[PDB]
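Q: Have a look at this fold, sequence not included:
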Ligand SMILES: [Cu+]
Ligand SMILES: [Cu+]
Ligand SMILES: [Cu+]
Ligand SMILES: [Cu+]
Ligand SMILES: [Cu+]
Ligand SMILES: [Cu+]
Ligand SMILES: [Cu+]
Ligand SMILES: [Cu+]
Ligand SMILES: [Cu+]
Ligand SMILES: [Cu+]
Ligand SMILES: [Cu+]
Ligand SMILES: [Cu+]
Ligand SMILES: [Cu+]
Ligand SMILES: [Cu+]
Ligand SMILES: [Cu+]
Ligand SMILES: [Cu+]
Ligand SMILES: [Cu+]
Ligand SMILES: [Cu+]
Ligand SMILES: [Cu+]
Ligand SMILES: [Cu+]
Ligand SMILES: [Cu+]
Ligand SMILES: [Cu+]
Ligand SMILES: [Cu+]
Ligand SMILES: [Cu+]
Ligand SMILES: [Cu+]
Ligand SMILES: [Cu+]
Ligand SMILES: [Cu+]
Ligand SMILES: [Cu+]
Ligand SMILES: [Cu+]
Ligand SMILES: [Cu+]
Ligand SMILES: [Cu+]
Ligand SMILES: [Cu+]
Ligand SMILES: [Cu+]
Ligand SMILES: [Cu+]
Ligand SMILES: [Cu+]
Ligand SMILES: [Cu+]
Ligand SMILES: [Cu+]
Ligand SMILES: [Cu+]
Ligand SMILES: [Cu+]
Ligand SMILES: [Cu+]
Ligand SMILES: [Cu+]
Ligand SMILES: [Cu+]
Ligand SMILES: [Cu+]
Ligand SMILES: [Cu+]
Ligand SMILES: [Cu+]
Ligand SMILES: [Cu+]
Ligand SMILES: [Cu+]
Ligand SMILES: [Cu+]
Ligand SMILES: [Cu+]
Ligand SMILES: [Cu+]
Ligand SMILES: [Cu+]
Ligand SMILES: [Cu+]
Ligand SMILES: [Cu+]
Ligand SMILES: [Cu+]
Ligand SMILES: [Cu+]
Ligand SMILES: [Cu+]
Ligand SMILES: [Cu+]
Ligand SMILES: [Cu+]
Ligand SMILES: [Cu+]
Ligand SMILES: [Cu+]
Ligand SMILES: [Cu+]
Ligand SMILES: [Cu+]
Ligand SMILES: [Cu+]
Ligand SMILES: [Cu+]
Ligand SMILES: [Cu+]
Ligand SMILES: [Cu+]
Ligand SMILES: [Cu+]
Ligand SMILES: [Cu+]
Ligand SMILES: [Cu+]
Ligand SMILES: [Cu+]
Ligand SMILES: [Cu+]
Ligand SMILES: [Cu+]
Ligand SMILES: [Cu+]
Ligand SMILES: [Cu+]
Ligand SMILES: [Cu+]
Ligand SMILES: [Cu+]
């Protein structure tokens, strides 16, 4: 990622938040698709949905963070990540993709809470 | 828009919120580009930035609203729209694109506040 | 939508393309969620996936169209819409949400092909 | 990034493409804002615009790549990155943010061309 490089070269920490929003975005988008592909998919609906929302909010939060609504947006992104960690945590026993994503969600929650 | 058609045919008002999020998304994306094209662009930086953020948040809010983080997300989208109305309102005298967008922002703010 | 209002007030048809990209975006996002909620969800995986991709591409295509990659992007958005119409058409007999979305996809395909 | 972790744990190289799409997304979003903040902003309009489009296409391309339109989408994302490298390359002498972003664009172009 080039968050740090770019944030020092602009004419006018948070770095961690941005790295993580894009990381967590990609990851939940991956997890939605993985859950969608499972045989027990019918049981994963809420998880897929949350993953889709967490992807969307993290892209949004990370783009904004790359440029104020930011405080608010990072609170929201923190709330979302937590919702999505909790759900992805449930499935961590049976699905390795939800262990991986649940931890990425945890780390991005942390990162949004301390950015505010 | 087909928000209303689709929301009645799902196996499990808010309609207005969704219509407006996508409307206001496109509009602020249009306004960012219009301000970017102005001769007084150097004076419009904050407005362009807000427009970009309002586009991003409204897509995000509208997608989520099409599928919970929703309450929170709609509060955030309400806060953003207001921020962006206020700024786009400043420029309504001189720029017709900011009159149009400032009103779209007002109407979407309204719509998010009453969706919550 | 305010595509037409805004495109006439910028300091520097396609309108139909933009209206439709945002319409079709919201619609496929709605259809993904509707299919996700079906009992036969396990059979709808490819459709949900395509709907997610068509939502993403249409937002992208519509934002770009609101501001060149445009020709290319509209070809891609045309290809996607067609892929997603074809799949959503399959399910039009059994699911009213896929009849609605399959037609929105058809109309946006048309609109991208004639924008190029 | 957790592209690699997740792509091995799904029930059904490209990794490089995805890492890079999200990297290049964040970077061009950063560069748009940096150019927007420059005194010579009036001269950077085309660059800002391209950066905005490259951000949008790369998010889109990376999300899709995380889940077919993919071949097509990656061609488009390759075309965009190149357009945006070329423009960001122009400004590499005077602006360090455009040197950084022009190279991120180059590396993501490469990565999309070999993913296809
Ligand atoms: Cu973040
Ligand atoms: Cu996040
Ligand atoms: Cu985030
Ligand atoms: Cu995530
Ligand atoms: Cu998952
Ligand atoms: Cu899941
Ligand atoms: Cu998630
Ligand atoms: Cu997230
Ligand atoms: Cu988050
Ligand atoms: Cu997250
Ligand atoms: Cu999750
Ligand atoms: Cu899960
Ligand atoms: Cu999972
Ligand atoms: Cu998960
Ligand atoms: Cu996660
Ligand atoms: Cu997850
Ligand atoms: Cu998440
Ligand atoms: Cu976060
Ligand atoms: Cu964050
Ligand atoms: Cu809304
Ligand atoms: Cu809105
Ligand atoms: Cu909104
Ligand atoms: Cu707006
Ligand atoms: Cu504007
Ligand atoms: Cu403006
Ligand atoms: Cu706005
Ligand atoms: Cu907005
Ligand atoms: Cu809003
Ligand atoms: Cu708005
Ligand atoms: Cu505004
Ligand atoms: Cu303005
Ligand atoms: Cu304006
Ligand atoms: Cu405006
Ligand atoms: Cu506005
Ligand atoms: Cu505006
Ligand atoms: Cu707005
Ligand atoms: Cu709204
Ligand atoms: Cu709303
Ligand atoms: Cu379009
Ligand atoms: Cu479309
Ligand atoms: Cu489109
Ligand atoms: Cu669609
Ligand atoms: Cu559907
Ligand atoms: Cu479907
Ligand atoms: Cu679709
Ligand atoms: Cu589409
Ligand atoms: Cu399309
Ligand atoms: Cu479409
Ligand atoms: Cu479809
Ligand atoms: Cu379908
Ligand atoms: Cu359907
Ligand atoms: Cu469908
Ligand atoms: Cu459709
Ligand atoms: Cu559809
Ligand atoms: Cu579609
Ligand atoms: Cu279209
Ligand atoms: Cu189109
Ligand atoms: Cu990529
Ligand atoms: Cu890229
Ligand atoms: Cu890309
Ligand atoms: Cu980029
Ligand atoms: Cu830049
Ligand atoms: Cu630039
Ligand atoms: Cu770029
Ligand atoms: Cu890009
Ligand atoms: Cu690219
Ligand atoms: Cu790129
Ligand atoms: Cu560039
Ligand atoms: Cu540049
Ligand atoms: Cu630059
Ligand atoms: Cu640049
Ligand atoms: Cu770049
Ligand atoms: Cu750039
Ligand atoms: Cu780029
Ligand atoms: Cu790329
Ligand atoms: Cu790529």
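A: Here it is on my side, so go on. Numbers count the residues shown, from 1 in each chain, chains lettered A, B, ... in the order given. Ligands and ions are numbered 1, 2, ... in the order given.
Q: State which helix of chain A is the longest.
A: helix A:14-36 (DSSP state H).
Q: Give me the contact status of that one with ligand 10.
A: Yes: Helix A:14-36 comes into contact with ligand 10 (CB under 5 Å from the ion), by way of residue A:24. In this view, the C-beta of every residue, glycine as well, is placed from N, C-alpha and C.
Q: quick check: angle from that helix to helix C:14-36?
A: 60 degrees (axes from the mean of the first three to the mean of the last three CA atoms, to 10 degrees).
Q: Work out which residue lies at the spatial centre of chain A.
A: Among the residues of chain A, residue A:24 comes closest to the average C-alpha position under CA atoms, centre = their mean, at 3.3 Å.
Q: helices or strands next to the helix or strand where residue A:110 lies in the packing?
A: Residue A:110 belongs to helix A:96-115 when assigned by DSSP states H and E. Packing contacts for helix A:96-115, counted by 3 or more CB pairs under 8 Å, 6 or more residues apart in numbering or on different chains; DSSP states H and E, involve helix A:14-36, helix A:45-65, helix A:70-90, helix D:3-8.
Q: and that helix, which residues are buried?
A: A:96-113, A:115 (16 or more other CB atoms under 10 Å in any protein chain shown).
Q: returning to what we had before: list just the one of the helices and strands packed on helix A:96-115 that sits closest to ligand 11.
A: Among these, helix A:70-90 comes nearest to ligand 11, with 3.0 Å by CB to the ion.
Q: picking up where we left off before, residue B:81 is nearest to which of the helices and strands packed on helix A:96-115?
A: Closest to residue B:81 of those is helix A:70-90 (CB to CB; 11.9 Å).
Q: okay, the angle between that closest one and helix A:14-36?
A: In terms of direction (the same axes, to 10 degrees), helix A:70-90 departs from helix A:14-36 by 40 degrees.
Q: Is helix A:70-90 positioned near ligand 28?
A: No: using CB under 5 Å from the ion, helix A:70-90 never reaches ligand 28; the gap is at least 11.4 Å.
Q: Mind giving me the packing neighbours of that helix?
A: helix A:14-36, helix A:45-65, helix A:96-115, helix B:70-90.
Q: near ligand 27, anything from it?
A: No: between helix A:70-90 and ligand 27, judged by CB under 5 Å from the ion, nothing touches; the nearest distance is 11.8 Å.
Q: quick one: that helix to helix B:45-65, angle?
A: Helix A:70-90 and helix B:45-65 are oriented at 30 degrees to each other (the same axes, to 10 degrees).
Q: when you compare where helix A:70-90 runs with where helix A:96-115 runs, what's the angle?
A: Using the same axes, to 10 degrees: helix A:70-90 against helix A:96-115 is 150 degrees.
Q: Would you mark the buried spots in helix A:70-90?
A: A:70, A:72-85, A:87-89.
Q: And for it, what's in contact with it?
A: With CB atoms under 8 Å, 6 or more residues apart in numbering or on different chains as the test, helix A:70-90 has contacts from A:17, A:21, A:24, A:28, A:31, A:46-47, A:50-51, A:53-54, A:57-58, A:60-61, A:64-65, A:98, A:101-102, A:105-106, A:108-109, A:112-113, A:115-116, B:57, B:68-69, B:72-73, B:75-76, B:79-80.
Q: Quick check: which of these are also close to ligand 13?
A: For ligand 13, the contacts drawn from those by CB under 5 Å from the ion are A:31, A:98.
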